[PDB]
Amino acid sequence: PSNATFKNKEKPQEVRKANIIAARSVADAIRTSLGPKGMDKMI
Amino acid sequence: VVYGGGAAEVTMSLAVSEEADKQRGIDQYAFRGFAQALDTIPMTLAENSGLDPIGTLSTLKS
Amino acid sequence: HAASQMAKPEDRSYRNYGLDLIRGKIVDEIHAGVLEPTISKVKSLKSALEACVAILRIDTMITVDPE
Ligand SMILES: Nc1ncnc2c1ncn2[C@@H]1O[C@H](COP(=O)(O)OP(=O)(O)O)[C@@H](O)[C@H]1O
């Protein structure tokens, strides 16, 4: 299986990637405001 | 000389891996890290060459 | 004021309190006539706390610009 079936377009691979990144970013802003020793945010 | 195609990276990964459990404590995760990150070289070789990354890794390390 | 905590039941006779500022010496503010109301010091601190509490609970500010 040297030749295989070549996956042509890459935008798929690098869209998902950067989406999870743009999302973990939000799930990160929150980590400070979890549980009893969590902290409040002023918007 | 050493032998490429990942082999060299693999032996190191395996050797650091086995001594990770013998390190223990805080470094136990760092050693595990170092070796696991090394495995990207063979995986991204297998990737570019058109084979399964886990497959080639788990066939090869074993 | 540290002379009222080591002051005995009968020995009160050590208890006194206050401050004067025109002459600049410690005076008996009940005899001097310096008097603030009861609530004026309770609802004074009660509020003062729920202020800094709210501010101390602040760890991230997010400011969003006008419409
Ligand atoms: N006394 C406690 N000690 C440790 N963890 C707690 C205690 N009370 C609640 N928790 C945990 O903290 C979490 C509550 O987080 P909180 O900041 O209130 O937001 P949310 O409840 O929406 O996740 C819960 O998952 C709960 O298991």
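Neighbour counts are summed over all protein chains in view; Cβ atoms, including those assigned to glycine, are modelled from backbone coordinates with ideal geometry. Taken together, the values in this text are just the output of simple stated rules run on the coordinates, not laboratory data.
Of note:
- For region C:29-63, the set of residues classified as among the acidic types (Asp, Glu) and within 14 Å of chain A (Cβ to nearest Cβ) consists of C:50, C:59, listed by residue number.
- Of all residues in region C:24-42, those being small (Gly, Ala, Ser), loosely packed, with under 10 Cβ neighbours inside 10 Å and in a helix (DSSP H, G or I) number 1.
- Which listed residue is within 30 Å of residue A:39 (Cβ to Cβ) and surrounded by 10 or more Cβ atoms within 10 Å (Cβ to Cβ), from C:45, C:56: C:56
- Within region A:4-43, if we keep just the residues that are in a helix (DSSP H, G or I), β-branched (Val, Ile, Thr) and away from chain C (no Cβ under 14 Å), the residue that is nearest to the ligand (Cβ to nearest atom) turns out to be A:20.
- Here region B:12-30 is the region considered, the condition is being surrounded by 14 or more Cβ atoms within 10 Å (Cβ to Cβ) and not hydrophobic (A, V, I, L, M, F, W, C), and the residue that is nearest to the chain's Cα centre (by Cα) is B:13.
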